[PDB]
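In: Structure, please.
(chains A, B, C, D, E, F, G, H, I and J, ligands or ions: 7)
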Amino acid sequence: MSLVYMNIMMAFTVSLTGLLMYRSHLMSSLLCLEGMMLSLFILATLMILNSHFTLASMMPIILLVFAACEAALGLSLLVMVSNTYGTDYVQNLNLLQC
Amino acid sequence: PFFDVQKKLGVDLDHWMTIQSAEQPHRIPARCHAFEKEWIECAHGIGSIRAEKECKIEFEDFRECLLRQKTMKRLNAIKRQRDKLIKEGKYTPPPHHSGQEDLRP
Amino acid sequence: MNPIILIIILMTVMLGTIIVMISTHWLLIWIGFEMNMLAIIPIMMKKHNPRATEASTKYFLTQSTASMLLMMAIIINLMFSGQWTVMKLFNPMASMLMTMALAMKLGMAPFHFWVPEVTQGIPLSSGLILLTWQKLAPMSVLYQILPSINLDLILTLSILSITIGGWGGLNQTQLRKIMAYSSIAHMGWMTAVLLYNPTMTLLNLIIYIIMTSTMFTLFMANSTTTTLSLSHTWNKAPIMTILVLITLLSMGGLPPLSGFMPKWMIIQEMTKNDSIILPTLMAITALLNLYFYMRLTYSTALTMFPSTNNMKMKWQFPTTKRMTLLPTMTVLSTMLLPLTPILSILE
Amino acid sequence: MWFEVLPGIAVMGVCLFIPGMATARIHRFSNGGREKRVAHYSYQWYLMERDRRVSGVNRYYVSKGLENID
Amino acid sequence: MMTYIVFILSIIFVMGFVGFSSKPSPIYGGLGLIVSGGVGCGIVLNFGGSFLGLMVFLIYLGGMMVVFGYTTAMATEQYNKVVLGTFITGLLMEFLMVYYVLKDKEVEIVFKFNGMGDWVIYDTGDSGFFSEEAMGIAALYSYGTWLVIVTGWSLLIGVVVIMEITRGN
Amino acid sequence: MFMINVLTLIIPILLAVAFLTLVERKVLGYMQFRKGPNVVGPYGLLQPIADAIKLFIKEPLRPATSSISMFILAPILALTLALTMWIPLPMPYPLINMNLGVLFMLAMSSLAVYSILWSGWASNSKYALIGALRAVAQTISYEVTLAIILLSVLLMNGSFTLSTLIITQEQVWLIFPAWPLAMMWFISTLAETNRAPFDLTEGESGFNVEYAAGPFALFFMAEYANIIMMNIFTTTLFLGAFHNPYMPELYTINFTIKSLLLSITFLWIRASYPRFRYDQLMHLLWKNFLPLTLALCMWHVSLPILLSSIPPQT
Amino acid sequence: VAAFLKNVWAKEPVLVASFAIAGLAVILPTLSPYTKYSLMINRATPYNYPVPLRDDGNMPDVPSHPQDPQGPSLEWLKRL
Amino acid sequence: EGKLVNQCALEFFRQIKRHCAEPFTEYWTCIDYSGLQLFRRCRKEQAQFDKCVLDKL
Amino acid sequence: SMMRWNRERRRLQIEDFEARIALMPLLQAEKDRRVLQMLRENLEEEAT
Amino acid sequence: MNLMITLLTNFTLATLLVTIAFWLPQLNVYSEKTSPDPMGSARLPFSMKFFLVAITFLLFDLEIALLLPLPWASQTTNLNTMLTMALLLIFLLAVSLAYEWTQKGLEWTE
Ligand SMILES: CCCCCCCCCCCCCCCCCC(=O)OC[C@H](COP(=O)([O-])OCC[N+](C)(C)C)OC(=O)CCCCCCCCCCCCCCCCC
Ligand SMILES: CCCCCCCCCCCCCCCCCC(=O)OC[C@H](COP(=O)(O)OCCN)OC(=O)CCCCCCCCCCCCCCCCC
Ligand SMILES: CCCCCCCCCCCCCCCCCC(=O)OC[C@H](COP(=O)(O)OCCN)OC(=O)CCCCCCCCCCCCCCCCC
Ligand SMILES: CCCCCCCCCCCCCCCCCC(=O)OC[C@H](COP(=O)(O)OCCN)OC(=O)CCCCCCCCCCCCCCCCC
Ligand SMILES: CCCCCCCCCCCCCCCCCC(=O)OC[C@H](COP(=O)(O)OCCN)OC(=O)CCCCCCCCCCCCCCCCC
Ligand SMILES: CCCCCCCCCCCCCCCCCC(=O)OC[C@H](COP(=O)(O)OCCN)OC(=O)CCCCCCCCCCCCCCCCC
Ligand SMILES: CCCCCCCCCCC1=C(C)C(=O)C(OC)=C(OC)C1=O
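Out: Numbers count the residues shown, from 1 in each chain, chains lettered A, B, ... in the order given. Ligands and ions are numbered 1, 2, ... in the order given. Now the structure:
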């Protein structure tokens, strides 16, 4: 298939493996999650514009909006973590081992 | 559990965006409208198990419309053979493929 | 929380799951999962302590990752099929990604690592919602895509879930982690019979929801979250020890109880398809689940652990908690096996 | 008095007058003494590329009228 | 070379993701995701998605990454080898992808990909006096009733959810 | 030939921003019963030149930056966005005639808060970071009413095309059907550019105080380019002039006079009012402008339908 | 119903104007005689090509030419 | 049939060129000046062309 | 004023769209001959 | 294409002016300065209210993104449904603003 889809899928996998390998910050995790969403937006958009499927042109906007609301919720969770420990470090979130 | 509320109540919540061949605004067709209409009219009602083996031709034509893999493979082959023959000097492109022909209309 | 806001948020959780159940477009499937997650996050942060925020953060990260993999599976389906019907998928890569995403949502092993944490971090009512209501929407999507699910993947996820949920509960004393590893083992049992007979998948889901709702309702009515506080129940309410006895003996699947009903039916559908090793090893692995159920029954019903003196004060006060449907759920989770051919209503 | 501010306003107004006057004269210079063809929609671009093909000089704005037919 | 331009943007797009997926700091990672959003917007714009590309600017970049950078600047108090090694690893894997799919005009990582410029897959007609993508987004109010209801309800509930969980009571 | 057109756009932008500083000092002079600059040039016409040469040979302030890269990027982004807001402006013909020029300007103005945010974080001062967060929150707050007012006006236009907005106003100014939208729009553009009475970066530290005289002058000229641009955009949007297509300079003279009067109205508003407190302009947005803006957005949706006055798409 | 209204118009005229304009936007298109013409003008706008019909022989309402009498007319739009 | 279109258009324009070439030329020149090719800018040249065609054809 | 002028603008839009409609058969015939010209040239050069 | 040329020209002129403003007074040899804020060294205290106004911006910006195709959506032939859903979206933005009001979310930055 087309050549641009290779790069958009590879971008989704790069943002996947960034989201699946945390370093320290939860904000960097949320950025990798939104990179995954952005690559999904681009890939859906290039397909729907290519196929001239008219009714799905409203589809990526929807894919934006919900997920950005999702991002808002994630930011709020991070802030609550930051209001407990002072930092958004993922190693502070280890109390549920016992 | 596929509680088919939409067919039960007769409402149309999301069937309209489901396929490319549905009713579109301003009657805009998809690029693979005809192939998808033929694949759907083939595979309608007979179930998925029969639809995989009995409607393989329409589905392969529709997938090759969607992604154009055989078409781009053929264009790869023709362009590669043309570039090889240009490198060998055994071929020359015509004036209408070099941009010297004063286009049609 | 404002009770009106609690009602609207629980109706939004239910609305998300119902939108997953009734929709014919993959975008509305993804929207129902997003609405479900977005609305269930305040149910987990109901008490506002750092364990609830940690649990909600872990729950958000796992469900968000599964939602992104779900949308990538949907988008690859749109690549290779040019449409959006919630039916079989038209690519084994999209089928693998959707099976992984739904295994992450269900918390099936090896994507199980959030389930005993999050259930520990949240109250008993929100843990009840997470272990009963949050299974319904991904099992509906797995119900509708089973002509595309890889057999080796779904059975690998099933046996890995059953074994890890068996060994995980043996080391626990916290009741919520026991119910979470019980959840992982029972989801393994549900997905092991999915490609053979999904009516038995629905049967196992319904009997599991009844038994889990009974055990969480007993834990809420006795206000016990640990084994050793559940062992004070005989000196406070002796009927509740009988109820946790019969319900834990049901959840292990001992006949003549109704929790013997699903797994037996699952074996009844896996030997028709010439699989003998797999349901036998599954049934032998479920003895671990029954072992830590027996540990809880020895702590609670069949012995009497020592109590404290202040228990004598609680003797003067009856339970004012609304023990909603607890006799109904207790009867249904124990005495339903003579009505086993009722399962045809799920066909 | 107050008209002392008018030289700076005049300078600034000439500086705001320059871009539109410049783009109007450049559009009339680059497009045969006429406006630039506005092609917001693909039909307008189709007509414009047809004009470029029927002009014969690879310029869309060179218009051919009734003298180009017999 | 200019026939490959969207492909070229996509390469930069992948490079931008190796910017923030390697996670240098959430603020440089925010900057890398902003640059990635701009070039992915350019990819969208070069197929004819004008409105969707301006949604990438106005709503993803100007709407959401503003809030990411805003929240991030209220943490990570102002003033690696794993980041640099991860960045050069992702860059070398991407340039090996480029080298293979340009030397062969075909590659297969998971799916088979043609190596021609992505101009070849387009349509050779006109859409008349409308953008088809604009009319498909305009159909959200005429054909997308259930989609509008569930999206607006999810946004209202999202307002309620953020106000419940950020209160601590 | 197109590069000449780009230069004749963007060099007169810099000259008009240069002499807007003189016009501001003079007009604020006479409104304060004094004179403005009249010594340095004849009538003070050499004051911006002298001030530019002074600022570009002043000592670099040399800060310790938390990030060198974003400290460089924030003036670059500010000037690039302040120059790209001009290219779809139909005066009478835009440099870049695009179909979605209104949404393009709304997007490129939504990107302008990153210069404030990056310059605030790139400084080591925490109080400068607090001021940057307040300025960003102010700007993104008033962008909401920008977008909704702008949508409610373009419901009478038919498209996002800026050149169509001249055709829309051939019979009447669009300030007549939309003067409440015009007045909330005008105060929202006053609050976008951090302009008085909304200038809390000078109310008692600015986000860009760690920059040297050169780069702070670049921020300053990007701000005044935004001011002139938003006044031109408000002129195009509500006070659209007569356009003879055979004589485009009539439209150029007319929108130039109206945009000058609107920029002087910015100058005359800063000579008249005290500042808001920060919560008070938050109260102005969220509790006053936004309910009226939503109500008028409902009104301007339903009004072309109930009067059969839906504008054409093309 | 009248003292409360003068009270809220004395205290909060921004919100009274907001709810009043919103109420007019809700109720007034159902009371307008010109809402019908918005629909009629949007369906009179020919974005697509008028794909002609094969003359079977019995279609008395379909014209053979644009300047024929039968067919949909736009006298109401030119007159109003 | 397409050739018939391309045969019937030319007979359309020749019959303009035989009779009313100059009002048509002035009219499409005035149409041609506009970058959107407005009909509303050119109503008097349109009126002259319509008058000349209605009288002579 | 916006009522009268937008109704005039809708009538002018219909006049432009009917000019387009009257021109679409000629453009469709030319487009068909255009694309068949290009496909025949591609076929002949593929043959050689 | 002309847009990309114009963006490159604007970005290049901005980068040139920033380079001149950062390197023209570096040529002078003025003096070395030793040079040894309202908060001294206290860590930046987090404001919940700035985060809430930014999230309220984000959610209303998503609702605006839904509202943006209305000048195109008015051209439809299903105008009763279009008008109903347009009024419903603006009404749900108003209900979001009202709930943000009544639970004191718009307070001390009102
Ligand atoms: C574009 C060209 C220029 C446009 C015009 C602008 C020129 C004038 C500018 C003057 C300088 C302003 C400097 C900044 C001022 C900031 C302060 C300020 O004004 O705040 C806004 C003030 C705020 O008021 P406030 O805050 O003082 O009021 C107190 C409010 N409470 C009680 C909550 C504390 O007013 C508004 O918000 C109104 C905005 C415009 C409203 C327009 C309404 C039009 C009429 C609608 C219909 C009414 C009748 C009812 C329905 C009938 C139906 C038939
Ligand atoms: C194919 C199948 C399709 C779908 C079919 C239907 C599936 C139904 C799945 C049921 C899932 C139930 C989820 C949990 C209940 C949801 C509401 C809730 O949160 O209730 C708990 C509530 C909280 O009150 P609170 O005060 O917070 O309690 C803590 C102490 N202060 O109140 C309490 O704590 C009160 C204590 C008792 C609560 C008992 C609730 C039991 C609900 C489940 C009943 C059994 C399932 C229904 C029958 C079988 C259906 C398959
Ligand atoms: C779109 C339009 C934009 C227009 C922008 C500009 C607006 C303002 C225009 C200029 C206004 C008048 C300028 C007068 C400058 C001062 C001239 C003067 O008198 O300088 C005297 C000084 C010393 O003279 P000296 O001989 O020593 O005196 C003793 C005599 N017995 O001698 C000197 O200082 C030496 C000579 C210096 C001359 C400088 C002249 C001014 C430079 C202006 C630059 C811009 C010009 C216009 C650009 C756009 C049009 C091309
Ligand atoms: C090869 C030989 C040249 C070498 C390189 C030099 C390049 C040209 C530089 C400008 C001309 C050189 C002379 C500069 C001024 C010297 C004379 C002077 O200072 O005259 C004073 C006179 C006003 O007298 P004053 O002392 O102010 O008295 C107060 C009133 N009672 O002052 C005046 O009347 C006004 C003086 C104005 C100075 C010139 C105008 C400004 C500079 C314009 C060009 C550079 C900037 C271009 C634009 C930058 C961006 C805005
Ligand atoms: C920190 C990094 C540096 C920061 C400073 C510099 C970047 C920020 C300032 C510049 C922002 C660049 C914006 C580029 C796209 C703008 C949107 C756009 O193209 O809209 C115009 C137009 C849409 O209208 P329409 O008329 O429908 O389309 C033509 C159809 N006849 O569409 C067109 O005309 C399409 C023209 C062809 C496609 C253009 C693609 C541009 C290149 C890719 C994006 C470049 C910016 C990347 C970085 C963003 C910011 C980080
Ligand atoms: C039905 C049409 C659609 C309606 C929905 C769409 C409306 C568009 C505008 C959006 C407004 C969004 C925000 C609304 C919030 C309302 C609640 C509120 O503000 O309550 C508090 C307020 C007192 O203010 P306070 O809390 O003290 O704040 C400090 C300022 N003094 O309390 C008050 O000021 C009391 C406010 C309620 C009374 C307003 C009465 C207006 C009546 C106008 C005539 C009738 C119009 C028809 C609609 C019915 C209205 C009831
Ligand atoms: C490319 C550079 C062009 C010239 C520089 C901008 C025009 C001159 C503005 C001078 C100026 C004035 C009058 C000024 O008053 C001021 O202080 C508020 C500034 O900011 C530091 C200024 O920059």
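In: need the contact list for residue F:207.
Out: Listed by C-beta atoms under 8 Å, 6 or more residues apart in numbering or on different chains, the contact partners of residue F:207 are F:116, F:119, F:120, F:123, F:128, F:131, F:132, F:135, F:201. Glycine gets a C-beta too; all of them are placed from N, C-alpha and C.
In: downstream neighbour of the helix or strand containing the fifth one in the secondary structure list?
Out: Secondary structure assigned from DSSP states H and E places residue F:128 in helix F:126-154. Later in the chain than helix F:126-154, the nearest helix or strand by DSSP H and E is helix F:164-168.
In: so residue 53, which of the three states?
Out: Just going to use chain A. The three-state assignment at residue A:53 reads coil, by DSSP: H, G, I helix; E, B strand; the rest coil.
In: That one and chain F, how far apart?
Out: Per C-beta to the nearest C-beta, to the nearest Å, residue A:53 is found 21 Å from chain F.
In: Just list the residues touching residue 3, thanks.
Out: Picking chain A for this. By C-beta under 8 Å, 6+ apart, the contact set of residue A:3 is E:7, E:101, E:113, E:114, E:115, E:116, E:117, E:118.
In: not quite, I wanted chain H
Out: residue I:29.
In: Can you tell me how far it is from ligand 7?
Out: 63 Å (C-beta to the nearest ligand atom, to the nearest Å).
In: cool, residue F:197 as well?
Out: Going from residue F:197 to ligand 7 by C-beta to the nearest ligand atom gives 17 Å.
In: burial of that residue, as a residue count?
Out: Using other C-beta atoms under 10 Å in any protein chain shown, residue F:197 is surrounded by 19 other residues.
In: So it is in contact with residue F:277, correct?
Out: No - using C-beta atoms under 8 Å, residue F:197 is not in contact with residue F:277; the gap is 10.4 Å.
In: So of the contacts of residue A:3, which two are at opposite extremes in space?
Out: Maximum pairwise distance among those (C-beta to C-beta): 12.5 Å, between E:113 and E:117.
In: Counting neighbours, go ahead and name the busier of the two.
Out: Taking other C-beta under 10 Å, residue E:113 and residue E:117 do not tie; residue E:113 has more neighbours (24 against 18).
In: Look up the residues forming beta bridges with that one.
Out: Bridge pairing for residue E:113 (DSSP bridges) gives the partners residue E:107.
In: shouldn't it be in contact with residue E:105?
Out: No - under the criterion of C-beta under 8 Å, residue E:113 makes no contact with residue E:105, lying 9.8 Å away.
In: Now do the helices in the chain.
Out: You didn't pick a chain, so chain A it is. Using DSSP state H, the helices of chain A run over residues A:3-19, A:26-51, A:59-85.
In: think we crossed wires, I meant chain F
Out: For chain F, the helices defined by DSSP H cover F:2-31, F:47-55, F:68-84, F:101-110, F:113-122, F:126-154, F:164-168, F:179-192, F:213-238, F:248-270, F:278-284, F:290-306.
In: now do chain D
Out: For chain D, helices defined by DSSP H occupy the ranges D:6-30, D:42-55.
In: out of these, nearest to chain C?
Out: helix D:42-55 (22.8 Å; C-beta to the nearest C-beta).
In: list the helices and strands the closest one packs on?
Out: Counting contacts by 3 or more C-beta pairs under 8 Å, 6 or more residues apart in numbering or on different chains; DSSP states H and E, helix D:42-55 is packed against helix I:2-47.
In: If we use 6 Å, what do you get?
Out: Contacting helix D:42-55 under the criterion 3 or more C-beta pairs under 6 Å, 6 or more residues apart in numbering or on different chains; DSSP states H and E is no other helix or strand.
In: got the angle for that helix vs helix I:2-47?
Out: 50 degrees (axes from the mean of the first three to the mean of the last three C-alpha atoms, to 10 degrees).
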